[PDB]
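Undergrad: Partial complex here, more coming in a sec:
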Amino acid sequence: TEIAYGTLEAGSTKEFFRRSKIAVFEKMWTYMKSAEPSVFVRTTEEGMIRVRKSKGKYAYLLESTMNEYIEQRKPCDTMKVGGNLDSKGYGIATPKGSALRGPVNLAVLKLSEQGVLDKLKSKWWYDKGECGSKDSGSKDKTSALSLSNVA
Amino acid sequence: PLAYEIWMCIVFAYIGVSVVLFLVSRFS
């Protein structure tokens, strides 16, 4: 309870938590429903700077793709932790009863099978980030005492 | 408990303090 977590003011996340009949998500909804500070932000960018200014006090709940882009393609002062709570999926559409659904669906599955969508994602999300990948090799937490502690 | 960079700093600080004390006990 030390970190207050909030979501968008009017979005799909708030509607999902309002109809989530899960004990893990139910207790989270009643906590976010009654809170003295602002646990709902109208703009996703206003909630982003709120997390950067809270410094470990506001955990914003957003989608996976938007979280990975705002972490890599922006000054990386925040990071994504944990797996996805629910499961969704994007998709291109087509008017009801149109001849441009069959071949289009076959082209989407063909691109996803040939490893093309994974390449386009890794190019626009990682190969073009703002702060980049500084020290890609994750420095393991050295259990030994550092030198600066007794400097 | 102590990183390898500190163990190398202790030995040279030990010899450094020793030679400094030897130099101080020489001017007298």
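TA: Now that the structure is in, tell me what you want to look at. Numbers count the residues shown, from 1 in each chain, chains lettered A, B, ... in the order given.

Undergrad: From residue A:3, how far out is the most centrally placed residue in chain A?
TA: Of all residues in chain A, the one closest to the mean position by CA atoms, centre = their mean is residue A:67, 2.8 Å from it. With distances taken as CB to CB, to the nearest Å, residue A:67 is found 16 Å from residue A:3. Placement of C-beta: from N, CA and C, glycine included.

Undergrad: what's the burial count for the residue of chain B found nearest chain A?
TA: Residue nearest to chain A within chain B: residue B:3 (4.2 Å; CB to the nearest CB). Counted with other CB atoms under 10 Å in any protein chain shown, the neighbours of residue B:3 add up to 16.

Undergrad: With residue A:48 instead?
TA: By other CB under 10 Å, 20 other residues sit near residue A:48.

Undergrad: That one: which element?
TA: Counting by DSSP states H and E, the element that carries residue A:48 is helix A:44-54.

Undergrad: Not counting its own residues, what contacts that helix?
TA: Here helix A:44-54 makes contact (CB atoms under 8 Å, 6 or more residues apart in numbering or on different chains) with A:6, A:8, A:41, A:58-60, A:62, A:66, A:70, A:74, A:77-78.

Undergrad: can you give me how far that helix is from the chain middle?
TA: 13 Å (CA atoms, centre = their mean, to the nearest Å).

Undergrad: how about whatever residue of chain A ends up closest to chain B, what does it touch?
TA: Nearest to chain B in chain A, going by CB to the nearest CB, is residue A:144, at a distance of 4.2 Å. Counting by CB under 8 Å, 6+ apart, residue A:144 touches B:1-4.

Undergrad: Among these, which are located in strands?
TA: Counting by DSSP state E, these place none of their members in strands.

Undergrad: Drop chain C onto that structure:
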Amino acid sequence: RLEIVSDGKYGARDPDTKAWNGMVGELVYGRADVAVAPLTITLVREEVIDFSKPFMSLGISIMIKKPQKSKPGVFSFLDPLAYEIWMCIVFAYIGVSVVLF
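TA: Adding chain C to what we have so far:
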């Protein structure tokens, strides 16, 4: 030919009138033939519009502030004892010495 929707929203069924807003609206009313864009697959949309296989999976994730390196200070070894203790030790050190003399 690629063109951006004028409304700039994805839109759903309006509560007052049964009209679809945004990109899904232009598809149902025949204003567009293909809508390639990030569009979450839901029940109300698929019931009126056709969808293809999901080209990207996602989920509600958590975003917290990245903990910095937190470089300790130069005098970090003086943390277990407060500043008042260190000074009181020095003043007690000189006090005992003068008394002993």
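
Undergrad: let's see the neighbour count of residue A:48 again after adding chain C.
TA: Neighbour count for residue A:48, taken as other CB under 10 Å: 21.

Undergrad: any idea how far residue A:67 is from it?
TA: 10 Å.

Undergrad: which residues do these two both contact?
TA: residue C:63.

Undergrad: tell me the angle of the helix or strand following the helix holding residue A:48 relative to helix A:44-54?
TA: Note on helix A:44-54: by DSSP H and E, the next helix or strand toward the C-terminus is strand A:58-63. Interaxial angle, strand A:58-63 versus helix A:44-54 (axes from the mean of the first three to the mean of the last three CA atoms, to 10 degrees): 150 degrees.

Undergrad: How about strand A:58-63 and chain C, touching?
TA: Yes: with CB under 8 Å from any CB of the partner chain as the criterion, chain C is reached by strand A:58-63 at A:58-63.

Undergrad: Could you do stretch B:5-15 as well?
TA: No: applying CB under 8 Å from any CB, one finds stretch B:5-15 out of contact with chain C, separated by at least 12.5 Å.

Undergrad: residues making contact with that stretch?
TA: Against stretch B:5-15 from outside (CB under 8 Å, 6+ apart): A:145, A:147, A:150.

Undergrad: Mind listing what's buried along it?
TA: B:6, B:9 (16 or more other CB atoms under 10 Å in any protein chain shown).

Undergrad: tell me how far that stretch is from the chain's mean position?
TA: So, by CA atoms, centre = their mean, the centroid of stretch B:5-15 is 7 Å from its chain's centroid.

Undergrad: do the same with stretch A:14-22
TA: With CA atoms, centre = their mean, you get 18 Å for stretch A:14-22.

Undergrad: now residue B:23: how far from residue A:121?
TA: For residue B:23, the distance to residue A:121 - CB to CB - is 66 Å.

Undergrad: here's chain D, drop it onto the model above:
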Amino acid sequence: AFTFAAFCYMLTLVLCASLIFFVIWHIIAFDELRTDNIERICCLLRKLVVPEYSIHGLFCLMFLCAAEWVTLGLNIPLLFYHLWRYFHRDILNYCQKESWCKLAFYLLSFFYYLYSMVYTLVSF
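TA: This next block brings in chain D, placed alongside the chains you saw above:
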């Protein structure tokens, strides 16, 4: 930051200052013999040269473990001159010129540790 090479450059400033006093006392010993018992001034010179050569041996040893090989090259020729003193074991004008260069070399390299150390501490 705080590296092992940064600490090695800090011990040199305290130790090289003591090497400065040795080469200065050597010039005073040479000046006294030039003006003019005699064994006293020469025997005291033999007792002073041994620590001066042994202390510099640590300068070539500390930087060897500190991976600062760009500084070791500035001290290897100084240690090679000590080998000629131990291998062989007028002379007044020769020793005078062989001592003024020591004061200049032990001072120009002294300012390096005063600046190369800052090039690592504040560069965090």
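
Undergrad: now that chain D has been added, could you go back to the contacts of stretch B:5-15?
TA: Under CB under 8 Å, 6+ apart, the answer for stretch B:5-15 is A:145, A:147, A:150, D:3-4, D:7-8, D:11, D:58, D:62, D:65.

Undergrad: what about the longest helix along chain D, near chain B?
TA: As assigned by DSSP state H, the longest helix anywhere in chain D is helix D:4-35. Yes: Helix D:4-35 is in contact with chain B by CB under 8 Å from any CB, via D:4, D:7-8, D:11, D:14-15, D:18.

Undergrad: How about the following helix or strand past that helix and chain B, any contact?
TA: The helix or strand immediately downstream of helix D:4-35 is helix D:38-65, counting by DSSP H and E. Yes: Helix D:38-65 lies within reach of chain B by CB under 8 Å from any CB, at D:51, D:55, D:58, D:62, D:65.

Undergrad: Can I get these in TSV including distance to residue C:23?
TA: As requested, the residues of helix D:38-65 next to chain B are arranged in TSV below (distance: CB to CB, whole Å):
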residue	distance to residue C:23
D:51	85
D:55	80
D:58	75
D:62	70
D:65	67
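
Undergrad: picking that back up, narrow the residues of helix D:4-35 next to chain B to those that are buried.
TA: D:4, D:7-8, D:11, D:15, D:18.

Undergrad: from the residues you listed, which are also near chain A?
TA: residue D:4.

Undergrad: Would you reformat the buried ones among the residues of helix D:4-35 next to chain B as JSON lines and include distance to residue A:92?
TA: Shown next, in JSON lines, are those (distance: CB to CB, whole Å):
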{"residue": "D:4", "distance to residue A:92": "58"}
{"residue": "D:7", "distance to residue A:92": "61"}
{"residue": "D:8", "distance to residue A:92": "63"}
{"residue": "D:11", "distance to residue A:92": "68"}
{"residue": "D:15", "distance to residue A:92": "73"}
{"residue": "D:18", "distance to residue A:92": "78"}
